[PDB]
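Quick setup: the structure tokens below cover two forms of a single protein chain, split into structure 1 and structure 2.
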Structure 1
């Protein structure tokens, strides 16, 4: 069965002191050994975290670029991440797609380059409120996924986790039910089956990237096509532990 997966996206949040506290809390907590756990600090805190954090939680960057090196002021390469012992990267997050204009193709180029350099990737997809109102949830997810599928091989999906972000229920005032989330996750899995392969569909974790907290994580985790979470704000808090432990 697919291993339950809980990622924590810290986004642009943290100080040395707050991160020291966050890490200390994780280091003193009893975690379900059946959960694969990844945390994504801001880039400048990656060293602090990889040095202090328990080894059974892996670290991710929040973004990277599409080349090994060169004249790209402000960008980081997958080679640098590997060099510092950062095994994961989050790519195509809604905030990068919408605020920083990252296109479907640019995201797909990053996913392929990161995989080729030996990173594991949390690849983010999802639809806006306007797109959902139009009945375009799967049109959008299919488009975003197709761009990735055109760049990566069937085998390459092995080290991909798909994060479904209900952008329509992130910062909009709308909320998603576990049933609504499940419906999308099942449809994404069907897309994988029909476009990649049945084996990719059955193997690939599809994690929920909407609002996840200690209070709702158990009900979400019960859904049969939800393989875990890409947690936002709760990832900065002690209740992240409860989310890791959502199946217990």
Structure 2
């Protein structure tokens, strides 16, 4: 069975003091040992967190670039992340696609380069409010996934978790209903089966993000094609523990 997966995306939030307190809370918490947990601090706090955090929670960067090294002021390579012992990276997050203009292909290039350099990837996809209203959610998700599949192999998928995050659900306090999320997850899984392989479809975690909190996580977690969550706002708070424990 697919191991339940909960990721915390801290985004551009944190200080030494606030992170120390967040990590202390996590370090004292009783977590379901069947949940794979990853947290993603801002890049400059990766060392602090990797040092201080319980080793059964893994650390992620929030972005990386497509080359080993070179003249890319302000960018970090996957090699650097491995060097510092950071096993995961979030790629293609809605904010990077929509605010920072990362194309489907650029995201796909990052995913391939990160995997080839030994990182595990949370690959983010999802539709805008307008695309949802048009009934084109899966067409968008399919386009974003196809770009990734063009650049990575069948075997490469073993270290990918797909995060489905409707743009209209991110930070808006409007969560997808269990029906809405389940339908997309089942459709993504079918896409994987038809375009990549049945084995990749059966094995790949598809996690939901967009306004997940302590109050709505349990019902979402009961859906047969939802394998966990990518948590933004709630990941900064003690209720993150309740989400890790959503199946408990």
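Between two forms, the rigid core is defined as the largest C-alpha subset superposing within 1.5 Å. Numbering follows the first chain given and starts at 1.
Among the candidates 98, 174, 143, 82, displacement between structure 1 and structure 2 reaches 2 angstroms at the C-alpha for one position only, 174 (superposition on the rigid core). Look at residue 62: with the core superposed, its C-alpha moves 0.1 Å between structure 1 and structure 2.
Relative to the superposed core, residue 210 has its Cα moved 1.4 Å between structure 1 and structure 2.
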